[PDB]
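S.K.: What follows is a single structure, and I will ask about it in a moment.
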Amino acid sequence: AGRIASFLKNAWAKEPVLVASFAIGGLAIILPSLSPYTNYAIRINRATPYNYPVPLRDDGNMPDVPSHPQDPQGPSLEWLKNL
Amino acid sequence: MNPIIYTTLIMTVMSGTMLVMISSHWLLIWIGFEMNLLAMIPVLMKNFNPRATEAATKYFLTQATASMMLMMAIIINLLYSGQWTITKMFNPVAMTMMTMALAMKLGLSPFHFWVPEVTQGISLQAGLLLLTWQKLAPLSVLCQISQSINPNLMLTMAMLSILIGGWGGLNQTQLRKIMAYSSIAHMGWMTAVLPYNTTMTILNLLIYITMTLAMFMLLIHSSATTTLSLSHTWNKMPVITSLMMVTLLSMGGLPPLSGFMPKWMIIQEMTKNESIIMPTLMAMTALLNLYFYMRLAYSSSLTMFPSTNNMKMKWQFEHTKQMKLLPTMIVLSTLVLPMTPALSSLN
Amino acid sequence: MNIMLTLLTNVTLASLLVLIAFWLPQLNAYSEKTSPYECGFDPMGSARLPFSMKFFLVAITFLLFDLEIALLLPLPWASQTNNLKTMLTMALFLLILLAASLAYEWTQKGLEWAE
Amino acid sequence: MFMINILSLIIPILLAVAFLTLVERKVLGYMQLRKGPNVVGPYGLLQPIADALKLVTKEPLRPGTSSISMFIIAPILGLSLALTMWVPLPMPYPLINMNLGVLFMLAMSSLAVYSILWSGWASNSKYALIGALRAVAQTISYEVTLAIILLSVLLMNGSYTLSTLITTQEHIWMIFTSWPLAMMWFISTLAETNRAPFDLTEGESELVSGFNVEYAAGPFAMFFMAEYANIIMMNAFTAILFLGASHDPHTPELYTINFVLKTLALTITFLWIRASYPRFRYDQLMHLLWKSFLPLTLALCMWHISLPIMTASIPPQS
Amino acid sequence: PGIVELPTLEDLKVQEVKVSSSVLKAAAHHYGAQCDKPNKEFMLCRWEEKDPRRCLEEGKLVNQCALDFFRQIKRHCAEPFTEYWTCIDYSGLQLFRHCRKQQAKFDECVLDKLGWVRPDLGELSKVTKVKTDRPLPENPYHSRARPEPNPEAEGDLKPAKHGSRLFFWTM
Amino acid sequence: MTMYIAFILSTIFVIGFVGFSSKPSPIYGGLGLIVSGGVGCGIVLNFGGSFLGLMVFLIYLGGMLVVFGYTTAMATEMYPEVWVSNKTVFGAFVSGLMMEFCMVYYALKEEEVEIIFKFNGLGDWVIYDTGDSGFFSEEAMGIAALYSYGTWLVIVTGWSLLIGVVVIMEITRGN
Amino acid sequence: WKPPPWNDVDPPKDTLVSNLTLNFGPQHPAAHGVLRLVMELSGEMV
Amino acid sequence: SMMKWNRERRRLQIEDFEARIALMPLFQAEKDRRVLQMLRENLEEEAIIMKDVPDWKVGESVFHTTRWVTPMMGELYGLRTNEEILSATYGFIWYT
Amino acid sequence: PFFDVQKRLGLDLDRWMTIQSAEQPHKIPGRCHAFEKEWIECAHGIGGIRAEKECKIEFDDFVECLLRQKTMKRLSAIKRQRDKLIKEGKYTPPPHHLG
Amino acid sequence: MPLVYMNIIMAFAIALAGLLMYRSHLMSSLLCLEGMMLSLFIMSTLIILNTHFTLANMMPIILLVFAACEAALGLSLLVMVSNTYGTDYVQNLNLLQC
């Protein structure tokens with residue numbers, strides 16, 4: 001308070017446009033790191049398929065890779081369907 | 001100019017040069033060139049006289065022409081090769097075009113009339129900066145691409161720089177003009193040694209950089225711009241003129257002073273490359289540089305000139321500007337010859 | 001196919017309207033009729049001499065400001081990448097540098113017009 | 001019949017521009033307790049045709065100090081671009097379904113200033129050159145914010161194609177998401193169209209007629225064509241951007257009616273503000289933006305840059 | 001200099017499945033579910049061999065399986081598929097969004113007539129493993145022999161013989 | 001015919017270049033560069049690039065408007081010149097136009113001109129590539145990678161623009 | 001070729017100002033039609 | 001509201017893209033067959049057209065390598081009619 | 001680079017854009033990715049002076065793929081001879097070549 | 001080595017010739033410089049669009065970026081020559097000759 005509160009109030013009095021712009025800018029800078037949905041956004045961008053999932057040669061070992069799109073093993077995006 | 005603004009502009013010039021000397025992408029090297037050009041003009045315009053405006057203009061439009069030409073070369077190289085890497089030019093036209101595109105930046109070819117003009121118009125400190133720092137970047141680019149130069153073009157460029165610089169320096173009494181012509185001659189020397197061994201080019205560039213630094217800061221500390229004003233320094237302050245003449249003898253390259261070591265080593269290199277007429281030609285025509293060096297030395301220290309009575313007050317008051325690194329600069333400017341083989345450190 | 005056919009239609013319609021405007025009305029012209037208009041009395045004589053523009057600094061920095069929007073405009077496609085952290089940092093870097101440029105101009109007279 | 005579509009996007013637009021003058025002189029006059037044009041036929045429905053006939057039969061004098069070539073090429077430029085910028089509008093289905101409609105319209109709007117520029121310079125007048133320079137300053141200042149606001153608003157669209165805006169505002173008007181920018185955007189549409197309270201390029205009180213001062217009869221009517229077509233197109237673009245409307249794929253006529261009504265309302269607000277304010281003073285309309293509009297719109301640009309990321313709401317590009 | 005070998009017109013004489021893009025889009029998910037093996041084998045051949053002049057037989061077999069799928073859908077669920085693909089074809093962008101009721105009819109028809117279920121969101125975009133029996137192309141790029149690497153630099157370092165050996169400088 | 005399109009647009013590009021390279025009044029030079037930039041945007045459009053052409057359009061119109069605004073303010077004269085007024089500008093225009101005429105003449109018949117570079121002028125449709133962009137325009141993903149890949153370019157460009165404003169301030173300070 | 005000035009500044013040249021002077025006068029709606037305001041102004045600042 | 005609608009649009013785009021993925025192999029097979037057939041047609045035409053020529057051994061490759069090159073669109077439609085080249089090259093760029 | 005600070009710090013600033021075969025966005029291949037990859041993998045560490053003599057036909061194929069007129073000259077002369085001899089009736093195009 | 005490249009290169013050549021020859025003014029030379037820049041942009045864009053060098057499409061944008069910066073600096077130089085000279089012509093710019 002004191003000097004800082006008086007300066008904030010005087011800036012709100014004299015130049016409200018600058019106060020609003022600085023507040024919006026600071027909010028838009030510091031919120032995105034804190035918000036948890038940011039990671040979700042990245043995953044959504046990873047979920048969207050633009051190129052074909054080119055199949056790899058099944059020389060045996062790999063269990064995780066599905067042998068058919070309907071097969072359960074492999075990445076799933078039920079989270080996006082729910083969210 | 002606000003001192004912080006000047007500091008930022010100098011940092012931007014240095015950052016552009018560094019970007020030129022550290023980037024592999026051609027576009028980034030051009031970006032460094034552009035930042036250097038952009039930040040250089042206000043440094044010249046610092047004093048804000050019509051001379052400064054004239055010189056800053058003539059600097060600008062020449063550099064802009066050279067940089068656009070450099071883009072034409074880069075784009076042709078990309079079209080004919082598909083590479084942005086600074087390795088070598090895969091189209092002969094592109095490189096035989098960039099050779100002069102990178103030449104007007106150095107100011108050695110008939111693309112040199114801008115150099116004395118800008119040097120004289122702008123202040124002495126910015127003149128030091130222009131003649132010392134503004135030559136590492138294009139020379140670095142030339143060093144990187146030296147593997148695929150047309151030797152005839154580069155050697156002709158070097159010869160013309162040496163000849164016209166030495167001759168033009170004979171007919172000016174203003175210190176800025178004859179230093180510009182001396183810089184042209186040294187550009188010719190380094191560019192002549194460029195195609196064979198770039199290490200000798202780096203060594204000559206370093207010697208020229210330190211020695212021109214010493215010369216220019218001696219000029220600033222003497223506060224002289226014309227021959228008569230410099231001659232008048234003997235009454236006020238004789239040690240400046242005493243160091244002046246030694247540094248001028250180094251300018252001419254008279255051994256055992258430091259200035260010989262490049263002129264020597266360069267001659268040793270190209271004669272190994274079966275080039276004999278060229279080294280002899282340069283060795284003889286450096287005497288034109290030497291002539292006005294001795295003319296300047298004669299009317300600075302070797303013959304005391306008519307002074308001015310008001311200097312009785314000038315002797316009464318000492319200097320205030322420190323001129324940092326000057327005493328070291330003189331030492332590397334005159335006696336580093338016995339440590340000549342240390343040039344292997346550059347290699 | 002479509003875009004230049006359009007453009008041609010507009011330009012020929014405009015040139016036509018100009019033609020009917022300029023050939024039909026049966027003009028009668030004399031020297032004092034085409035004399036320059038200067039609120040009645042004859043002009044002092046100029047209309048091409050240098051006209052000072054005090055926002056010359058503002059006018060030129062408009063060029064840099066409008067230039068930056070070229071860097072700015074790829075954002076609608078830049079948001080749809082897999083590296084949202086770097087994209088966000090770089091977009092905020094551009095916007096913060098534009099804010100700094102505008103603030104530097106504002107404080108160091110800049111946007112204020114010359115007198 | 002592509003020619004049929006092109007003619008159907010020109011003649012109706014010109015007729016709408018003609019009746020814009022009548023609705024302006026009536027709405028304005030009713031603001032000022034007057035009645036507006038009332039004599040020609042019923043309710044003045046023939047005034048646009050009457051003065052249209054006059055302006056193309058009145059003598060089109062050419063000043064002795066003019067530059068003939070640009071003096072003629074400027075009206076053609078103005079009308080051609082004003083008519084061309086109507087083609088990418090997503091009126092149910094856009095005539096020219098361009099992938100970069102917003103950028104195209106920005107480019108042609110920026111080009112339209114060159115008509116004013118060349119007309120003002122070629123006329124060889126003090127007032128005309130003054131108006132040309134005021135136009136220079138006004139359009140540069142307002143173009144910066146035009147571009148930034150368009151980017152900020154379209155960040156939620158996902159691309160620059162105009163048709164997807166209809167898909168974007170499927171459940172809610174975009175104005176409920178970017179009402180601050182919208183305000184600024186509206187003001188910009190007032191200034192780029194060179195209308196009140198920023199109509200300083202003409203400046204009837206102080207510049208007699210501005211850049212139209214030596215423009216008589218047909219070329220003057222043509223510059224007026226360009227101005228009013230730009231007014232209606234700008235209001236249409238604002239309606240498309242913020243005030244979206246329902247679009248039944250089987251009956252596009254519903255979206256046509258809704259879009260036309262929204263454009264009409266926005267234009268009526270244009271005439272409304274034209275008859276309710278004093279006029280700005282040059283530098284003020286610059287100092288309004290470079291010191292109040294530009295910082296706020298930069299901050300909103302950062303906000304709308306971050307907003308999809310913090311809420312995982314990045315719109316698709318296809 | 002060489003031969004641009006091209007298989008003669010007889011090999012690429014496939015039956016040439018003929019359905020419009022809207023019809024293809026209508027049956028997209030079910031086709032991808034119940035025809036994944038030929039598509040996947042053909043594409044792995046295409047990506048590995050990197051030569052469409054070589055995997056033509058897989059291009060035949062994928063078309064054969066697609067025609068079999070369309071013949072089955074013709075035989076069992078003609079009417080709902082016809083209405084669904086017509087309603088898809090009406091849209092300019094061919095969006096599934098507007099056509100959901102017809103999609104439901106088609107899905108239930110193929111579920112209780114051919115034992116099919118539509119893949120869930122993202123199921124049709126997972127990398128699959130194919131059990132193809134062709135060998136792995138040893139040189140898919142037909143690269144020539146690589147130049148031998150430069151002789152490697154190795155060995156202990158001793159002081160330079162007689163110092164710098166640069167003029168009179170002995171040390 | 002619509003066969004070439006790019007050829008004719010390139011000729012208009014060169015003609016616009018001749019217009020402002022002949023040193024006319026700066027307003028007329030601006031107009032010439034305007035038509036050249038418009039037809040160049042047309043060429044870039046016809047060569048499978050949309051964003052780049054419109055960017056040239058917008059940026060160059062901004063720059064040329066500011067050039068006009070300065071021209072009638074600072075770089076004007078009581079007697080502005082035309083492409084036909086002075087004999088020097090007329091000579092430059094004539095030289096450029098007849099030159100490009102004979103270059104395209106030697107080009108489109110022989111179609112094997114050596115000048116500087118070997119120019120086999122069959123048709124610009126030939127060099128096009130049969131490709132598939134899927135559901136993303138290549139140029140859009142290309143210039144959209146600036147914020148994801150080219151972070152160093154972001155930094156250097158922003159720094160250059162800020163210091164460009166600084167120098168535009170310092171140069172125009174005038175004591 | 002007289003030598004450059006000792007202070008390295010050329011003397012400030014003579015006046016080169018060409019300020020506009022228009023007739024903000026008759027027939028102008030603001031000037032009431034019967035005024036003749038001759039204003040010596042630089043651009044917009046009178 | 002915009003958040004929810006944009007998330008739904010993302011899901012719809014994912015569905016459409018996966019449909020395109022499911023359909024792409026048929027398009028690839030048909031496209032490679034069409035380009036091979038066109039190259040065969042051009043080679044047969046070149047055989048007749050290059051007969052009295054001094055030395056124009058037909059079906060000769062330019063690249064010294066044997067790996068196939070995505071044929072340029074000129075050598076895929078050189079002998080085709082005017083509408084074919086206009087629609088093939090300036091087809092997507094001109095469709096508005 | 002003259003003073004290659006990038007390898008010293010292990011930081012990428014411009015190497016991502018140097019070549020066409022680098023990791024492009026969304027794995028979009030270059031027009032001549034295969035030729036550039038072969039040429040680059042050919043002359044790597046071998047030396048920039050040995051590259052011209054050793055990896056020659058690789059670079060020749062790459063530069064052709066870039067510009068393509070040992071192929072387009074072929075096409076130009078094919079079309080020239082076709083239009084020549086068709087004029088006086090030696091050859092008529094087959095129906096599939098005009099519709 | 002295809003045809004459109006010839007026209008853009010030739011346009012750049014005439015713009016280089018025009019820059020290297022002055023007649024009266026300073027604005028005209030600057031316009032010729034930006035024309036050189038335009039030719040460079042069109043050429044580079046053609047090259048990278050043709051080669052599908054997707055990561056390199058930012059290069060013309062950076063070209064224009066520094067293009068506008070140089071144009072701005074040059075016209076500020078012209079502002080100062082006008083302020084100290086009244087006009088912008090170059091033949092009267094001779095004070096540095098001696």
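Please note that chains go A, B, ... in the order of the structure tokens, that every chain numbers its residues from 1, and that ligands are numbered from 1 in the order shown.
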Can you pull out every residue from chain H that DSSP, working from the backbone, puts in alpha helix (DSSP H), and format the result as a PyMOL selection string?
M.R.: chain H and resi 2-49+74-77+82-89
S.K.: Taking only C-alpha atoms into account, report as a list in words which residues of chain I lie within 7 Å of chain J.
M.R.: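 So the contacting residues turn out to be residues 17, 20, 24, 25, 30, 31, 66, 67 and 69 of chain I.
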S.K.: Store the residues picked out above in a file with N, CA, C and O atoms, as a compact mmCIF listing (two decimals), in the first residue's frame.
M.R.:
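Okay, this is what ended up in part35.txt:
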```txt
# COMPACT_ATOMS: atom_id res chain seq x y z
N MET I 17 17.55 -25.20 -40.78
CA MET I 17 17.10 -24.72 -42.09
C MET I 17 18.16 -24.91 -43.17
O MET I 17 17.86 -24.69 -44.35
N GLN I 20 17.47 -29.33 -47.02
CA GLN I 20 16.10 -29.71 -47.32
C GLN I 20 15.69 -31.02 -46.67
O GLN I 20 14.49 -31.26 -46.48
N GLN I 24 11.39 -31.45 -41.26
CA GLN I 24 10.43 -30.43 -41.65
C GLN I 24 9.16 -30.55 -40.81
O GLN I 24 8.89 -31.60 -40.23
N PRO I 25 8.38 -29.47 -40.72
CA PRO I 25 7.14 -29.54 -39.94
C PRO I 25 6.18 -30.58 -40.49
O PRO I 25 6.02 -30.71 -41.71
N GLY I 30 10.73 -32.93 -48.68
CA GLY I 30 11.11 -32.03 -49.74
C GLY I 30 10.89 -32.65 -51.11
O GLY I 30 10.70 -33.86 -51.25
N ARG I 31 10.91 -31.80 -52.13
CA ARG I 31 10.76 -32.29 -53.50
C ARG I 31 11.90 -33.23 -53.87
O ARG I 31 11.68 -34.26 -54.51
N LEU I 66 16.70 -30.67 -58.70
CA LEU I 66 16.39 -29.29 -58.36
C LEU I 66 15.90 -28.51 -59.58
O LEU I 66 14.85 -27.86 -59.53
N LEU I 67 16.64 -28.58 -60.69
CA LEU I 67 16.32 -27.77 -61.86
C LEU I 67 15.68 -28.54 -63.01
O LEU I 67 14.76 -28.02 -63.64
N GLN I 69 16.61 -29.97 -66.26
CA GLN I 69 16.70 -29.94 -67.71
C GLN I 69 17.83 -30.70 -68.37
O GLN I 69 18.30 -30.28 -69.44
```
S.K.: Output as a PDB file with C-alpha atoms, in the first residue's frame the set of chain D residues within 7 Å of chain F, with distances taken over only C-alpha atoms.
M.R.:
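Produced file part30.pdb, reproduced below:
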```pdb
ATOM      1  CA  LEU D 103      -5.978 -11.061 -45.926  1.00  0.00           C
ATOM      2  CA  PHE D 104      -7.361 -10.378 -49.405  1.00  0.00           C
ATOM      3  CA  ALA D 107      -5.039  -5.877 -49.071  1.00  0.00           C
ATOM      4  CA  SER D 110      -5.241  -0.838 -48.082  1.00  0.00           C
ATOM      5  CA  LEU D 111      -5.196  -0.369 -51.859  1.00  0.00           C
ATOM      6  CA  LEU D 133      -2.146  13.908 -46.390  1.00  0.00           C
ATOM      7  CA  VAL D 136      -2.408   9.188 -45.395  1.00  0.00           C
TER       8      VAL D 136
END
```
S.K.: What lies within 10 Å of residue 60 (chain I) using only C-alpha atoms, ignoring chain neighbours under 4 positions off, as an mmCIF file with N, CA, C and O atoms, in the first residue's frame?
M.R.:
```cif
data_model
loop_
_atom_site.group_PDB
_atom_site.id
_atom_site.type_symbol
_atom_site.label_atom_id
_atom_site.label_comp_id
_atom_site.auth_asym_id
_atom_site.auth_seq_id
_atom_site.Cartn_x
_atom_site.Cartn_y
_atom_site.Cartn_z
ATOM 1 N N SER B 81 21.968 -24.956 -56.150
ATOM 2 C CA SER B 81 22.515 -25.959 -55.243
ATOM 3 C C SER B 81 21.490 -26.456 -54.233
ATOM 4 O O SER B 81 21.494 -27.635 -53.869
ATOM 5 N N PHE H 63 18.616 -39.240 -64.466
ATOM 6 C CA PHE H 63 19.403 -39.464 -63.264
ATOM 7 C C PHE H 63 20.182 -40.767 -63.392
ATOM 8 O O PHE H 63 19.636 -41.789 -63.819
ATOM 9 N N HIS H 64 21.465 -40.728 -63.022
ATOM 10 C CA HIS H 64 22.298 -41.921 -63.126
ATOM 11 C C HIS H 64 21.821 -43.023 -62.190
ATOM 12 O O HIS H 64 22.072 -44.206 -62.446
ATOM 13 N N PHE I 35 17.465 -37.351 -53.188
ATOM 14 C CA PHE I 35 18.735 -36.995 -53.812
ATOM 15 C C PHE I 35 19.630 -36.225 -52.851
ATOM 16 O O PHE I 35 20.837 -36.489 -52.773
ATOM 17 N N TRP I 39 23.267 -37.501 -51.521
ATOM 18 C CA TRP I 39 24.465 -36.698 -51.740
ATOM 19 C C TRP I 39 25.134 -36.329 -50.423
ATOM 20 O O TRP I 39 26.366 -36.351 -50.315
ATOM 21 N N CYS I 55 31.884 -37.724 -54.828
ATOM 22 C CA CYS I 55 30.423 -37.658 -54.879
ATOM 23 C C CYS I 55 30.021 -36.652 -55.954
ATOM 24 O O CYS I 55 29.564 -35.541 -55.680
ATOM 25 N N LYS I 56 30.202 -37.063 -57.207
ATOM 26 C CA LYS I 56 29.868 -36.227 -58.354
ATOM 27 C C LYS I 56 28.499 -36.552 -58.938
ATOM 28 O O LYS I 56 27.656 -35.661 -59.065
ATOM 29 N N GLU I 64 20.062 -31.887 -60.887
ATOM 30 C CA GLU I 64 19.030 -32.123 -61.886
ATOM 31 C C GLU I 64 17.652 -32.090 -61.247
ATOM 32 O O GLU I 64 16.796 -31.297 -61.647
ATOM 33 N N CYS I 65 17.444 -32.891 -60.198
ATOM 34 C CA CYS I 65 16.151 -32.905 -59.520
ATOM 35 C C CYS I 65 15.734 -31.505 -59.096
ATOM 36 O O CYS I 65 14.543 -31.175 -59.122
ATOM 37 N N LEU I 66 16.698 -30.672 -58.705
ATOM 38 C CA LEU I 66 16.390 -29.287 -58.364
ATOM 39 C C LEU I 66 15.898 -28.513 -59.581
ATOM 40 O O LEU I 66 14.852 -27.857 -59.530
#
```
S.K.: Kindly provide, as a PyMOL selection string, the residues of chain A having any atom no farther than 10 Å from an atom of chain I, counting only C-alpha atoms.
M.R.: chain A and resi 49-51
S.K.: Which polymer residues have any atom within 7 Å of an atom of region 94-96 of chain J, counting only C-alpha atoms, with same-chain residues fewer than 6 positions away left out, as a ChimeraX atom specification?
M.R.: /B:51,54,117,121
S.K.: Between I:62, I:47, I:4, I:10, which is the closest to residue 32 (chain I) once you count only C-alpha atoms?
M.R.: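 That would be I:62, the residue with the smallest distance to residue 32 (chain I).
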S.K.: Considering only C-alpha atoms, return as an MDAnalysis selection string whatever protein or nucleic-acid residues lie within 12 Å of region 38-46 of chain H, sequence-local ones (same chain, fewer than 6 positions apart) excluded.
M.R.: (chainID E and resid 3:12 53) or (chainID H and resid 31:32 52:53 56:61 70:80) or (chainID I and resid 74:75 77:79 81:82 91:97)
